[PDB]
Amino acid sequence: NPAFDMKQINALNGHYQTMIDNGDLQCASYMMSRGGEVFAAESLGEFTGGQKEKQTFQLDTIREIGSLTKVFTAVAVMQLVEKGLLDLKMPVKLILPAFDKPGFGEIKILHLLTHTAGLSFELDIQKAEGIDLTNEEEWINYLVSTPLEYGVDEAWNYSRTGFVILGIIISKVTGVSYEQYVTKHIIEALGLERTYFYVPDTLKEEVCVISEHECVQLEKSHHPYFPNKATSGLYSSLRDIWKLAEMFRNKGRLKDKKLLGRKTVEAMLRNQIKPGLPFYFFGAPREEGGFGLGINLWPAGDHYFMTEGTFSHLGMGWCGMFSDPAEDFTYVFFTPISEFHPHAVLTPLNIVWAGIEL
């Protein structure tokens, strides 16, 4: 009944296992659904951070989702737009008065959500001597102390600092910390069971780590150099990331649970980048593609097997969530690996979508 060629599930498992057997990556897991029903899910390999014997990789293993945290930040922003507390055309200076200066005074909330605010990829912690970057106002005043790379609406430039600002805006608008809002109005509201900004001590043994750095960050109470965890730092599982993708595919609903109105989701999944604008990723020119309100619309169509309209987001880790609304199809995966490799992160997407039938 899922209308999927299970011959491609065999290829997907052998593809991941072949890289595991060759030592390219330690573990891998995935979960795919059609019509809201999961029909295939597998966890492969073993993990260790360097201080442990290799433990099994399971489907409920907690793993940092990295850049996928931005998707949680995008939902939280739009919830406040639905409540009328925020507006996408609001200048950031109205909420953060430190932005009332040339260059920064032109930035609107819409520019941050779509990576068009002209911000660089990341702020520099080495040049921030004597400044507590974990403090909200000290981080903002040091941010506006650093020049902007481009003007607003000049180019698409992936920026970590953009979503850090949004997390601050959520905090100043709601009156609670960013992590408190997301945990209450998204994590607990969507019924996510294995998702935490900071994993409790009784569950840290079930968190997948693959490097010394990840073990150290797992035992910490803050982000190393950001006032919040809006751009990165969330820990989750396959099913919880799957629930988030399915909520988007159903336009804000997940059975009895509702996070966004359907008209809001249709706007988030809508291309928001003006045509002909250049795209940059980490100091390199990237191919022009659709981008919504924090949600990626590329890759889709073209030489890929994902139908046009497939929305997505990847995360450093690596991980990823892909959902094809035209096929009622969702695919999420964890591939913990030191450096990015398209053969492990992107290539399996060809194997998966090749299995869809009728």
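Quick note: we count residues from 1 along the sequence shown, nothing fancier.
Per-stretch averaging of Cα B factors for 322 to 330 and 53 to 61 places 53 to 61 on top. Comparing 172 to 180 with 124 to 132, the stretch with the higher mean C-alpha B-factor in the PDB entry is 124 to 132. Among 246, 188, 212, 266, the highest C-alpha B-factor recorded in the PDB entry belongs to 212. If you compare the C-alpha temperature factors of 271, 141, 231, 159 in the entry, 141 comes out highest. Residue 89: CA B factor in the middle third of modelled residues in this chain (values from the PDB entry). Annotation for residue 237: CA B-factor lies in the middle third of the chain's modelled residues. Per the PDB record, residue ranking by Cα B-factor puts residue 337 in the middle third of the chain. Annotation for residue 356: CA B-factor lies in the middle third of the chain's modelled residues. Residue 115: CA B factor in the lowest third of modelled residues in this chain (values from the PDB entry).
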